[PDB]
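Colleague: Sharing a structure, written as structure tokens. Questions coming.
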Amino acid sequence: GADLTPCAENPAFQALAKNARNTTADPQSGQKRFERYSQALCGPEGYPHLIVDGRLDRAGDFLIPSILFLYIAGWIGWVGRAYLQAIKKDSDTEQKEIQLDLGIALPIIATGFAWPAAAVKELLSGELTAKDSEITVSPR
Amino acid sequence: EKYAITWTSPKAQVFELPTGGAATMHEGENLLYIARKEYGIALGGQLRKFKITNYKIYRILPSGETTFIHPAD
Amino acid sequence: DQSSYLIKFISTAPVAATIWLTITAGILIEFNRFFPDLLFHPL
Amino acid sequence: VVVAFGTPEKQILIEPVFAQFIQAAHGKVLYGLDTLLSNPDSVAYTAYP
Amino acid sequence: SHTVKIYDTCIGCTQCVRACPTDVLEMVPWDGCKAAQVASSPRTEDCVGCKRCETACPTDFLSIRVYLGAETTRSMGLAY
Amino acid sequence: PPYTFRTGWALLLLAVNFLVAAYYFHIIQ
Amino acid sequence: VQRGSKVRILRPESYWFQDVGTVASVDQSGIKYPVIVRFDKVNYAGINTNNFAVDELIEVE
Ligand code: CLA
Ligand code: CLA
Ligand SMILES: CC1=C(/C=C/C(C)=C/C=C/C(C)=C/C=C/C=C(C)/C=C/C=C(C)/C=C/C2=C(C)CCCC2(C)C)C(C)(C)CCC1
Ligand SMILES: CC1=C(/C=C/C(C)=C/C=C/C(C)=C\C=C\C=C(C)\C=C\C=C(C)\C=C\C2=C(C)CCCC2(C)C)C(C)(C)CCC1
Ligand code: SF4
Ligand code: SF4
């Protein structure tokens, strides 16, 4: 519910299939999305309602893009983390922040694809975090 | 009137009044009646670019009492 | 060396972030001309 | 943007399936979850002892 | 008026005396620091709460502090 | 140390999170 | 300590509390805070040096 009968059976989804608007200048981009959206669940309105539950017949809504995003997003953090680990042991480190040391940034970018193999390695070695006696804090 | 400021100038030249506008000091001892002590130090620093460090801010009470308050010595 | 100043200028903050976000945005645009309307993964 | 471009089916619409359940775990037949005071065979529906 | 507290951590930089525009502050000799003088505020009835004196002090944290108190005519900055 | 009192109550609350989902997945009825 | 020794700060009101400094010079008699520590990161005022007592520091080298 509410009335999540599948889109292939709907009078409303088939009525929205007759006045299709072409997305791209492909002359049948209007048709080649409605047959693709037929396996989803359109309510009374005629629009596919995504299911973020974790059901495996509905894994394409949220389950598949979640693994796809968190690989790419934990990448960008890990690349930006491991670069800042490198430049701290240099001559200046503030020039290499605005003005990128391209000779050092490019090995870090290629390294990244074992970041789950590296973050768990950094976690269990106790080198992910820092000590609370070594971070500046505000007076209580 | 309150807080007279006096200074001795080597010559005459155009300065900037703290009350807004430009006047012309005399040669010798000058005298300017201002409203507050904040004007006299903001004027006293404008004298420093004229190489004058002989300025004295008084305090003229309405009874007629004139108290020398800058410097202390 | 005049050529080293062009590598050192192409790797400042707004110049690298203009090129990298142009390559990033161009990948999303040319992926969406050919494979449009991807609301969810079709399984 | 998706509605403005005349193709409103590309909306990202999520059913609130975790509050769909509570209203059906309080006895609403309208969604057909069939649990917990909407399931007439339930232990909570009958108060078994 | 306001209240100007000067702690014992300053170095005799004379940046706070050269910044208070009503000339509240002055240097007195004091055998503690390297420059052998501490700032003192003997004329706090003239202080206008400007906090130029807190802006110019080097030491962390500030050796000089202005506590904003009861506001008379001299501390409101009224020409009238 | 292995935090027994912290993880003892977190696993109790997470067992409540998994029990309600068993009603929602029709595992328990 | 000596000119070049990394120390730490325990003064709570200071900006560089529990941070690593570098002693630039230690004085002899007066002030009570005779240790100049040249820090590497700046506070809100923009400076990166301060004076500290002898017992205020924690040597880490
Ligand atoms: C090196 C990149 C990097 C990394 C690994 C992190 C990591 C973290 N940040 Mg942070 N942050 C960063 C950059 C980064 N930040 C920058 C540049 C900003 C300014 C916009 C912020 C602003 C920020 C805020 C306001 C907050 C965090 C928070 C957090 C924590 C949770 C993750 C999160 O909420 O993301 C937050 C991410 C953003 C707000 C935007 C991301 C910024 C850009 C898009 C990514 C940077 C990529 C980098 C430039 C690439 C350089 C590559 C190098 C080789 C040249 C985590 C410790 C949160 C926290 O404290 O949680 C406990 C939090 O509240 N951060
Ligand atoms: C911090 C984020 C946050 C917050 C405060 C809320 C708050 C709320 N959600 Mg919501 N939700 C969130 C994130 C969040 N949500 C995410 C990420 C999803 C998945 C798309 C959902 C999906 C969702 C549904 C389907 C429903 C709610 C509902 C609600 C409301 C009732 C409480 C409830 O069911 O909690 C739900 C809380 C969670 C499911 C997770 C708690 C937050 C987690 C820990 C954040 C991390 C999630 C992580 C990124 C996902 C990993 C993906 C995985 C596949 C790898 C409440 C307003 C209900 C509603 O609309 O009532 C009217 C409802 O039915 N939420
Ligand atoms: C001067 C300067 C600067 C600035 C600059 C700027 C700011 C720029 C901007 C730029 C921009 C803002 C950009 C944009 C981009 C765009 C894009 C990226 C696009 C793309 C497109 C496409 C790719 C297309 C395609 C196609 C075709 C061709 C045909 C039809 C179909 C389609 C549509 C698909 C800086 C700062 C650096 C530095 C200094 C100097
Ligand atoms: C399944 C599912 C679900 C659920 C979920 C949950 C509820 C979860 C939880 C979870 C949790 C509750 C978690 C937490 C966490 C925490 C923490 C603590 C974390 C950690 C992190 C870190 C530490 C980080 C790191 C990093 C990385 C990784 C990368 C980048 C860089 C950095 C450094 C940032 C939902 C229903 C929604 C949907 C469907 C499915
Ligand atoms: S209070 Fe500030 S300006 Fe005055 S002597 Fe101390 S450090 Fe110098
Ligand atoms: S209140 Fe502050 S700014 Fe004003 S004179 Fe006194 S110390 Fe200087």
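To be explicit about the labels: the chains of the structure tokens are called A, B, and onward in the order shown, and within each one the residues are counted from 1, while ligands get numbers from 1 in the order they are shown.
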Counting only C-alpha atoms, what is within 12 Å of residue 44 of chain B, bar same-chain residues fewer than 2 positions away, as an NGL selection string?
Modeller: (:B and (5-8 or 15-18 or 32 or 37-42 or 46-57 or 70-71)) or (:E and (18 or 21-23))
Colleague: Please return, as JSON, numbers by chain, all residues of segment 18-101 of chain A that DSSP assigns to strand (DSSP E or B) on the basis of the backbone.
Modeller: {"A": [41, 42, 48, 49, 50]}
Colleague: Go through C:2, C:10, C:36, C:22 and flag the residue nearest ligand 3, using only C-alpha atoms and all ligand atoms for the distances.
Modeller: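 Selected residue with least distance to ligand 3: C:22.
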Colleague: Please provide as a ChimeraX atom specification all residues within 9 Å of segment 29-38 of chain A, with the sequence filter that same-chain residues fewer than 5 positions apart are discarded (counting only C-alpha atoms).
Modeller: /A:6-9,13-14,16-24,48 /C:36-40,42 /D:9
Colleague: List every residue of chain F that has an atom at most 12 Å from any atom of chain A, and for each one report the closest atom pair and its distance in Å to one decimal, counting only C-alpha atoms, with rows sorted by chain and then by increasing residue number, as JSON lines.
Modeller:
{"residue": "F:21", "atom": "CA", "partner": "A:53", "partner_atom": "CA", "distance": 10.6}
{"residue": "F:24", "atom": "CA", "partner": "A:53", "partner_atom": "CA", "distance": 10.4}
{"residue": "F:25", "atom": "CA", "partner": "A:55", "partner_atom": "CA", "distance": 9.5}
Colleague: Those selected residues, please, written with N, CA, C and O atoms and delivered as a PDB file, in the first residue's frame.
Modeller:
ATOM      1  N   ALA F  21      11.426  -5.751  13.277  1.00  0.00           N
ATOM      2  CA  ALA F  21      11.561  -6.028  11.852  1.00  0.00           C
ATOM      3  C   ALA F  21      11.132  -7.446  11.507  1.00  0.00           C
ATOM      4  O   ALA F  21      10.783  -7.720  10.355  1.00  0.00           O
ATOM      5  N   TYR F  24       7.640  -7.112  10.778  1.00  0.00           N
ATOM      6  CA  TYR F  24       7.481  -6.429   9.507  1.00  0.00           C
ATOM      7  C   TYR F  24       7.880  -7.301   8.323  1.00  0.00           C
ATOM      8  O   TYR F  24       7.375  -7.092   7.217  1.00  0.00           O
ATOM      9  N   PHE F  25       8.743  -8.288   8.537  1.00  0.00           N
ATOM     10  CA  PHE F  25       9.119  -9.245   7.508  1.00  0.00           C
ATOM     11  C   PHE F  25       8.368 -10.560   7.631  1.00  0.00           C
ATOM     12  O   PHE F  25       8.730 -11.525   6.950  1.00  0.00           O
TER      13      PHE F  25
END
Colleague: Do you have the atom 5 (C, counted along the ligand's line) of ligand 1-atom CA of residue 78 of chain A distance handy?
Modeller: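 A separation of 6.0 Å between them.
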Colleague: Hey, which residues sit close to ligand 1? Say within 12 Å, counting only C-alpha atoms and all ligand atoms, and write them as a PyMOL selection string.
Modeller: (chain A and resi 70+72-87+96-112+119+128-130) or (chain C and resi 11-14+16-17+20-21)
Colleague: Would you kindly report the residues of chain A within 10 Å of chain G, using only C-alpha atoms, as a PyMOL selection string?
Modeller: chain A and resi 132-140
Colleague: Please, which residues have at least one atom within 6 Å of an atom of ligand 6, using only C-alpha atoms and all ligand atoms, listed as a PyMOL selection string?
Modeller: chain E and resi 20-24+47-53+66
Colleague: Enumerate as number ranges by chain the residues within 8 Å of ligand 5, counting only C-alpha atoms and all ligand atoms.
Modeller: E: 6-17, 27, 37-40, 53-54, 56-59, 62-64
Colleague: Can you write just those residues out, N, CA and C atoms, as a JSON list (two decimals), in the first residue's frame?
Modeller:
[["chain", "number", "residue", "atom", "x", "y", "z"],
["E", 6, "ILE", "N", 44.18, 44.24, 34.39],
["E", 6, "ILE", "CA", 45.43, 43.91, 33.73],
["E", 6, "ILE", "C", 46.11, 42.80, 34.52],
["E", 7, "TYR", "N", 46.27, 41.65, 33.88],
["E", 7, "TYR", "CA", 46.86, 40.50, 34.52],
["E", 7, "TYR", "C", 48.38, 40.58, 34.43],
["E", 8, "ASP", "N", 49.06, 39.60, 35.02],
["E", 8, "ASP", "CA", 50.50, 39.66, 35.16],
["E", 8, "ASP", "C", 51.23, 38.97, 34.02],
["E", 9, "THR", "N", 50.55, 38.72, 32.90],
["E", 9, "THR", "CA", 51.16, 37.96, 31.83],
["E", 9, "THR", "C", 51.74, 38.83, 30.73],
["E", 10, "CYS", "N", 51.51, 40.15, 30.76],
["E", 10, "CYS", "CA", 51.98, 40.95, 29.64],
["E", 10, "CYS", "C", 53.47, 41.21, 29.75],
["E", 11, "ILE", "N", 54.03, 41.67, 28.64],
["E", 11, "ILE", "CA", 55.46, 41.75, 28.43],
["E", 11, "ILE", "C", 55.94, 43.19, 28.35],
["E", 12, "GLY", "N", 55.07, 44.15, 28.60],
["E", 12, "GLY", "CA", 55.45, 45.54, 28.43],
["E", 12, "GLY", "C", 55.57, 45.93, 26.98],
["E", 13, "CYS", "N", 54.64, 45.49, 26.14],
["E", 13, "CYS", "CA", 54.74, 45.73, 24.71],
["E", 13, "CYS", "C", 54.43, 47.17, 24.35],
["E", 14, "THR", "N", 53.71, 47.89, 25.22],
["E", 14, "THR", "CA", 53.24, 49.28, 25.02],
["E", 14, "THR", "C", 52.40, 49.44, 23.76],
["E", 15, "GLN", "N", 51.70, 48.38, 23.36],
["E", 15, "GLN", "CA", 50.76, 48.47, 22.26],
["E", 15, "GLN", "C", 49.36, 48.81, 22.73],
["E", 16, "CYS", "N", 49.05, 48.50, 23.99],
["E", 16, "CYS", "CA", 47.74, 48.82, 24.53],
["E", 16, "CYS", "C", 47.67, 50.27, 24.99],
["E", 17, "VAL", "N", 48.78, 50.82, 25.48],
["E", 17, "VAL", "CA", 48.80, 52.22, 25.88],
["E", 17, "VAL", "C", 48.71, 53.12, 24.66],
["E", 27, "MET", "N", 52.18, 53.05, 31.51],
["E", 27, "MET", "CA", 53.17, 52.07, 31.91],
["E", 27, "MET", "C", 53.80, 52.45, 33.24],
["E", 37, "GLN", "N", 58.29, 46.46, 32.67],
["E", 37, "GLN", "CA", 57.19, 47.39, 32.86],
["E", 37, "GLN", "C", 55.87, 46.68, 32.56],
["E", 38, "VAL", "N", 54.84, 47.05, 33.31],
["E", 38, "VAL", "CA", 53.52, 46.47, 33.15],
["E", 38, "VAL", "C", 52.56, 47.61, 32.84],
["E", 39, "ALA", "N", 51.52, 47.31, 32.06],
["E", 39, "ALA", "CA", 50.48, 48.30, 31.82],
["E", 39, "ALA", "C", 49.65, 48.50, 33.08],
["E", 40, "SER", "N", 49.20, 49.73, 33.29],
["E", 40, "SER", "CA", 48.33, 50.04, 34.41],
["E", 40, "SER", "C", 47.24, 51.00, 33.94],
["E", 53, "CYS", "N", 42.21, 48.32, 23.26],
["E", 53, "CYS", "CA", 43.31, 47.85, 24.09],
["E", 53, "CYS", "C", 43.36, 46.33, 24.15],
["E", 54, "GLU", "N", 42.23, 45.66, 24.02],
["E", 54, "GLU", "CA", 42.25, 44.20, 23.94],
["E", 54, "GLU", "C", 42.65, 43.71, 22.57],
["E", 56, "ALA", "N", 44.95, 45.08, 20.60],
["E", 56, "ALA", "CA", 46.36, 45.32, 20.33],
["E", 56, "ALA", "C", 47.29, 44.50, 21.21],
["E", 57, "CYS", "N", 46.77, 43.80, 22.21],
["E", 57, "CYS", "CA", 47.64, 43.06, 23.12],
["E", 57, "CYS", "C", 48.09, 41.77, 22.46],
["E", 58, "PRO", "N", 49.38, 41.44, 22.50],
["E", 58, "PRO", "CA", 49.85, 40.21, 21.85],
["E", 58, "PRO", "C", 49.48, 38.94, 22.58],
["E", 59, "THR", "N", 49.59, 38.93, 23.91],
["E", 59, "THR", "CA", 49.69, 37.70, 24.67],
["E", 59, "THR", "C", 48.42, 36.88, 24.62],
["E", 62, "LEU", "N", 44.56, 37.19, 26.65],
["E", 62, "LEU", "CA", 44.81, 38.62, 26.82],
["E", 62, "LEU", "C", 45.15, 38.98, 28.26],
["E", 63, "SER", "N", 46.21, 39.77, 28.41],
["E", 63, "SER", "CA", 46.58, 40.24, 29.73],
["E", 63, "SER", "C", 45.68, 41.37, 30.19],
["E", 64, "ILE", "N", 45.10, 42.10, 29.25],
["E", 64, "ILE", "CA", 44.21, 43.21, 29.56],
["E", 64, "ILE", "C", 42.79, 42.78, 29.22]]
Colleague: Return as a ChimeraX atom specification every polymer residue, whether protein, DNA or RNA, with at least one atom no more than 7 Å from an atom of ligand 2; count only C-alpha atoms and all ligand atoms.
Modeller: /A:52-53,62-63,66-67 /D:14-20
Colleague: Just write the chosen residues, N, CA, C and O atoms, as a CSV table (one decimal), in the first residue's frame.
Modeller:
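Full text of result_9.csv as output:
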chain,number,residue,atom,x,y,z
A,52,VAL,N,12.7,1.7,-0.3
A,52,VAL,CA,14.0,1.7,0.3
A,52,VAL,C,14.1,0.7,1.5
A,52,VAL,O,15.0,0.9,2.4
A,53,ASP,N,13.3,-0.3,1.5
A,53,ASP,CA,13.2,-1.3,2.6
A,53,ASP,C,14.4,-2.1,2.6
A,53,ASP,O,15.0,-2.4,3.7
A,62,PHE,N,17.2,1.4,-3.9
A,62,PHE,CA,18.1,1.9,-2.9
A,62,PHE,C,19.3,1.0,-2.6
A,62,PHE,O,20.4,1.6,-2.3
A,63,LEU,N,19.1,-0.3,-2.7
A,63,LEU,CA,20.2,-1.2,-2.3
A,63,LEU,C,21.4,-1.1,-3.3
A,63,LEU,O,22.5,-1.0,-2.9
A,66,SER,N,23.2,2.3,-3.2
A,66,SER,CA,23.9,2.6,-1.9
A,66,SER,C,25.3,2.1,-1.9
A,66,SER,O,26.2,2.7,-1.4
A,67,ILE,N,25.5,0.8,-2.4
A,67,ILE,CA,26.8,0.3,-2.6
A,67,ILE,C,27.6,1.1,-3.6
A,67,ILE,O,28.8,1.3,-3.4
D,14,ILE,N,9.3,8.0,-2.5
D,14,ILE,CA,9.6,6.9,-1.5
D,14,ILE,C,8.3,6.7,-0.7
D,14,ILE,O,7.9,7.7,0.0
D,15,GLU,N,7.8,5.5,-0.7
D,15,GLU,CA,6.7,5.2,0.3
D,15,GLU,C,7.3,5.2,1.7
D,15,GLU,O,8.3,4.7,1.9
D,16,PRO,N,6.5,5.7,2.7
D,16,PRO,CA,7.0,5.7,4.1
D,16,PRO,C,6.8,4.3,4.7
D,16,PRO,O,6.0,4.2,5.7
D,17,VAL,N,7.5,3.3,4.3
D,17,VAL,CA,7.2,1.9,4.6
D,17,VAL,C,7.5,1.5,6.0
D,17,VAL,O,7.2,0.4,6.5
D,18,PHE,N,8.1,2.4,6.8
D,18,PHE,CA,8.3,2.2,8.2
D,18,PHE,C,7.2,2.8,9.1
D,18,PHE,O,7.1,2.4,10.3
D,19,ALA,N,6.4,3.7,8.5
D,19,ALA,CA,5.2,4.2,9.2
D,19,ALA,C,4.0,3.7,8.5
D,19,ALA,O,2.9,3.9,9.0
D,20,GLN,N,4.1,3.1,7.3
D,20,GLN,CA,3.0,2.3,6.8
D,20,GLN,C,2.8,1.1,7.7
D,20,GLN,O,1.6,0.7,7.9
